[PDB]
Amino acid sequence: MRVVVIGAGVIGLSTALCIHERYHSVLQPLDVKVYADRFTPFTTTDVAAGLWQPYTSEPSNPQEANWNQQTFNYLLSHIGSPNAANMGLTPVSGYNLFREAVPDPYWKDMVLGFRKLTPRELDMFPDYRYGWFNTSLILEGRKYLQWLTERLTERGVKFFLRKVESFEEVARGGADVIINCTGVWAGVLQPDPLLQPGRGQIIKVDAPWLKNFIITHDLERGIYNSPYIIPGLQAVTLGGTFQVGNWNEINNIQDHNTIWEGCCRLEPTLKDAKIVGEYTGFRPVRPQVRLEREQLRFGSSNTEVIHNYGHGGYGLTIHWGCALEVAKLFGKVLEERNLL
């Protein structure tokens, strides 16, 4: 079987791994190749704050809730083991701050020990009068991608640096099944007017004393268009922009001041922090995650394509649920071919 994954971000590699584990023993040659024009440090995943937290609003597709759940559990199960940190995994507690009372998120029972903030805790955040506290996990994009790559590589997965112009060429290449995990750039392979970029900029700072994550929410400006501080494995992410439709790939000084200025007010001690880097990435926004099979004929070429992209700003959070769903779909592909 020749499977070609197009994409080397969290979604692409998780899907590749999940498949190899799942069918390597039943399928004779399970040729798995990864095609991508951007690898590790250059993918959107590397710009991710690295926190597990779905949107505060219910998913359009309920199945996405299950996928989020499955991902937390999968990751939680790696906590009590060495190498957990090596794969970019670590527990972290934090605050979700609001200027007004809001309803509980559907994911309240998924995270560890969720509760509302007491007035004495809210005294530490004088600009907010409502909030939640909870424990969750940090899944550092880059570290995780390096890990996956290590696991994929030793699994016999070959990686190829190349921009696919069309599924057709991959199909002509001999790919029996193509897993499309191209993120925000999916519309290029196939027009998808529902897929649009959610430009986000972040500042990575060196402020080790910061132990808890702090996410402020502005219901007026929309999700993530508010300052947040997310401590990672060894640097803190300062952020605050979510601009849908914007394709500007360059760091905007406009945003730099909003983020920095917004974060230092939240955390005055940030004044002593040292800036390590400024990044911009496009969250693959879509009303629903596109995860489905699609047949392509080409006359005696009938290639199978399984899509899995458009995970907006919850790609690290839902990654395993989607990967498992793709493996399940890949299973049907084999059953159609009587491959078991």
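Note that residue numbering begins at 1 and tracks the sequence as displayed.
Residue stretch of maximal mean CA temperature factor, 19-27 vs 322-330
Between 19-27 and 322-330, it is 19-27.
Between the two ranges 149-157 and 212-220, the one averaging a larger CA B factor in the entry
Between 212-220 and 149-157, it is 149-157.
From the list 164, 195, 205, 97, select the residue with the highest C-alpha B factor recorded in the entry.
In this record, 164 carries the highest C-alpha B-factor of the candidates.
Which is it among 200, 183, 174, 131: the one with the largest CA B-factor in the entry?
Answer, based on the entry's C-alpha B-factors: 174.
Determine, from the deposited record, the chain-internal third of the Cα B-factor for residue 89: lowest, middle or highest.
Lowest third of the chain for residue 89's C-alpha B-factor.
Using the temperature factors of the C-alpha atoms in this entry, rank residue 233 within its chain: lowest, middle or highest third.
For residue 233, whose C-alpha B-factor we compare with every modelled residue in the chain, the answer is the middle third.
Could you place residue 35 in the lowest, middle or highest third of its chain by Cα temperature factor, using the values in the record?
Its C-alpha B-factor belongs to the middle third of this chain's values.
Mind checking which third residue 310 falls in for C-alpha B-factor across the chain?
Residue 310: CA B-factor falls in the lowest third of its chain.
Is the Cα B-factor recorded for residue 43 in the lowest, middle or highest third of its chain?
Tercile = middle for this residue's CA B-factor.
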